[PDB]
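Below, in structure tokens: the form deposited in one PDB entry, a single chain.
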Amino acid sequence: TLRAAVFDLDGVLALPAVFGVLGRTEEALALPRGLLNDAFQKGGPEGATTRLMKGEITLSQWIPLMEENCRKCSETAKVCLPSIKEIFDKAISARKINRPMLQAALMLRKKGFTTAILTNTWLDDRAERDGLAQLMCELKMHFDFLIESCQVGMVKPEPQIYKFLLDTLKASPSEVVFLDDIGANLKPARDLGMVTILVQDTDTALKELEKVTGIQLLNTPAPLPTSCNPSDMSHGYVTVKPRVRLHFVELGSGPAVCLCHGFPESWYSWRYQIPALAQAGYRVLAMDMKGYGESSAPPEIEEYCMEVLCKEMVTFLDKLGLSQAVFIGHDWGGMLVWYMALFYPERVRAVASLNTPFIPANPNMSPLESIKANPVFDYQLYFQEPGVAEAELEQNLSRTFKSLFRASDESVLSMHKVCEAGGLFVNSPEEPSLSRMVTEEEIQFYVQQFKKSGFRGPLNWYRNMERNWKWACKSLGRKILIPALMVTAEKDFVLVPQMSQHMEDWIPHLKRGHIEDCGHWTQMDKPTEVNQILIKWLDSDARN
């Protein structure tokens, strides 16, 4: 019975095979067939290529040796040579991840398999090495082990590397599927009793793989974007003032992108966006907003007014030494980011909001008058009195998050007449069913985060209506003229798409995105669609 799957890199997890460039170069340069491939393997076990693959020498040292081998071969075949570096730079550059092969490895691992990459590779010291470094980073994170010939000083098809593989997997050979594009490198695994698959075209190899494992790997749905394992992330902490520290998770390099969650959420609400945005070439900073998770939660209502929250986010940038960040918010975080754009445009590279529209303050109406008007905002009046909503939300955390985090068709709450009914969960189940958007483990993460500070700080975001209104009136003569994106969600019944209809009057150059069949919890409801919209916008309007 199988419990381990091993994949080669070149011609299996990454295509086209860098091997398959010597053949194409021969064809393109009208050189004798197999001339370059024979120069590459010249000397066999003691040749320059084996020394490279075992880590004895680096790629830049190997280039001149491959060059002499090519001359020696052209002399014997009685032919004239017309740059090995250019050939290899182009071949490595063209090699991209084989997405259906990676998808199969991901599924096997999701089903309990131990997965590994076993590869004959080199120590790359070329000026262009970063490309390969990026490829290896993207791939390796999805596997339990990465065994590289140049690091272990052993090469396929030597028998020692297969014994080393079995030792690292902690598995007997019959428990292992081994996939390779080189039949000779497949032979020692077969001899040991491993299931072996010779990879030519991906589809056929995956058919052989699903047949031998009994798991559907081809024609399969989805899947969801890569998520975050909280214990595997870099966690950052900045003191913005004596009693206030902000926590964030950080991933990637490039322009800084600050993600700001809503109520009652976490940095973890961006779990599907963090790996995608970092892979797209951005430095992601996913915040625990003030009052949440590992960030400080002072009890005072006034600590949560927009003017202080924005001032603190500017201090956060100052302490990290960032002159700007792109700010992307959702829900309350979306309101924060529009106010960052209005009050601190010099610090905001670009602004995006999910669901939350930009609506200016009405100087002729109190915020309470504006709230009472729309029946959907009744729960907000319930949130005003300190202690009342805290008690209901804190009473059973698992129930709170399971009742809240639901898709549009899983509706368990009716936010109209919340005050009259006397609560959010008054006619809601004690033991709600788990939404299709979340796992039990994901709910328990929110439960654990909320055990530290509870709901006082988060609910305080709603208790500064008058204060926020007075501050926002100072901006009534301004327009938002920095790059901006508004993303509406068709089925968010609180932050309806129509509420954004007048935004062009204040943000003339506004760009838009729209997600169909998407409820309030945008990032987890439609993560693939969110990622597509944000990456497209960042690349065109934000930079690097």
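All residue numbers refer to positions in the sequence shown, first residue = 1.
Omitted from view is the form solved in complex with a small molecule, to which the following refers.
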Problem - Among the candidates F113, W469, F143, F450, the residue which, in the deposited bound form, approaches the small molecule to within 4.5 Å (heavy atoms) - result: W469
Problem - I371, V212, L218, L224 - the one with a heavy atom within 4.5 Å of the small molecule in the deposited bound form - result: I371
Practice task
Decide whether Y462 counts as a contact residue for the small molecule in the deposited bound form under a heavy atom distance cut-off of 4.5 Å.
Solution key: yes
Practice task
Classify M306 as contacting or not contacting the small molecule in the deposited bound form by the rule of any non-hydrogen atom within 4.5 angstroms, answering yes or no.
Solution key: yes
Problem - Non-hydrogen atom contact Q380 with the small molecule in the deposited bound form at 4.5 angstroms - result: yes
Exercise for the section: Using a 4.5 Å heavy atom cut-off, state whether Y446 contacts the small molecule in the deposited bound form. Expected result: no
Problem - Stretch from 201-209, 187-195, 273-281, 363-371 whose residues place a heavy atom within 4.5 Å of the small molecule in the deposited bound form - result: 363-371
